[PDB]
Amino acid sequence: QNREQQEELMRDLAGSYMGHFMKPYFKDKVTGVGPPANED
DNA sequence: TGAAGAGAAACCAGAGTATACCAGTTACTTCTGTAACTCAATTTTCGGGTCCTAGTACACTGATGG
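Residues numbered from 1 in each chain as written, not as in the entry; some residues may be left out. Chains lettered and ligands numbered in written order. Part of a larger assembly, values for the part shown. Heavy atoms only, no water.

Caption draft 1: The arrangement of the overall build of chain A in detail. The helix and strand inventory of chain A stands at one helix and zero strands. The C-alpha extent of chain A, read off along each of the three principal axes, is 55 × 20 × 15 Å. For chain A, with 40 residues in total, the buried portion stands at 0%. Counting every atom, chain A has about 4500 Å² of accessible surface; 55% of that belongs to carbon and sulfur. (Helix = DSSP H or I, 4+ residues; strand = E, 2+ residues; numbered from the N terminus. Buried < 20%, exposed > 50% of the residue type's maximum accessible area, 1.4 Å probe, protein only. Areas by Shrake-Rupley, 256 points an atom, 1.4 Å probe, with all protein chains shown as cover.)

Below, the structure is given as structure tokens:
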């Protein structure tokens, strides 16, 4: 349990926003552009 | 018996002479690229926040005047 608490502390140190999920919610991890437009 | 030069002891600039820098170039190296795995250090860049000062909307207030 204590080592799990330590690992939780470390994943807190290694945790990270909401702007990244704005208008183009989906986006490449390469280029960072959304998918093409719908037909709608 | 002076005359026209003869000799003599000073200055004075200048032409070789003496330096005095000032470039003029031959080898003889490193340093590129590519490849790779490694690891850490360092930089770049990149999307998003972050704080701050300055207006802005908006419902309400508070008279105000005719």
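So that's the structure; there's more coming.
Caption draft 2: Layout of the protein's contact with DNA strand B. Taken together, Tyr17, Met18, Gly19, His20 and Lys27 are the residues near DNA strand B. Here DNA strand B approaches the protein such that, of its atoms within 4 Å, sugar and phosphate make up 100%. Residue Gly19 places a main-chain N or O atom 2.9 Å away from a phosphate oxygen belonging to DNA strand B. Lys27 is positioned such that a nitrogen or oxygen atom in its side chain is 3.4 Å from a phosphate oxygen of DNA strand B. The residue makeup of the surface near DNA strand B, split by class, is two nonpolar, two polar and one charged. (Near = heavy atom within 4 Å. Polar contact = N/O pair within 3.5 Å; in protein donor to acceptor, adjacent residues only side chain to side chain. Nonpolar A, V, L, I, M, F, W, Y, C, P; charged D, E, K, R; others polar.)

Caption draft 3: Seen up close, the packing of aromatic side chains. Enumeration according to the criterion identifies two aromatic pairs in this entry. Ring centres of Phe21 and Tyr25 lie 5.4 Å apart, and the angle between their planes is 40°; on these two criteria the pair is classed as tilted. Exposure remark for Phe21: the relative accessible area of 46% places this residue in the partly exposed category. Judged by its relative accessible area of 48%, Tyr25 is partly exposed. Put simply, the rings of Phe21, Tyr25 and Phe26 pair up and form one aromatic cluster. (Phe/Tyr/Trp six-rings, centres within 6.5 Å; stacked < 30°, edge-to-face > 60°.)

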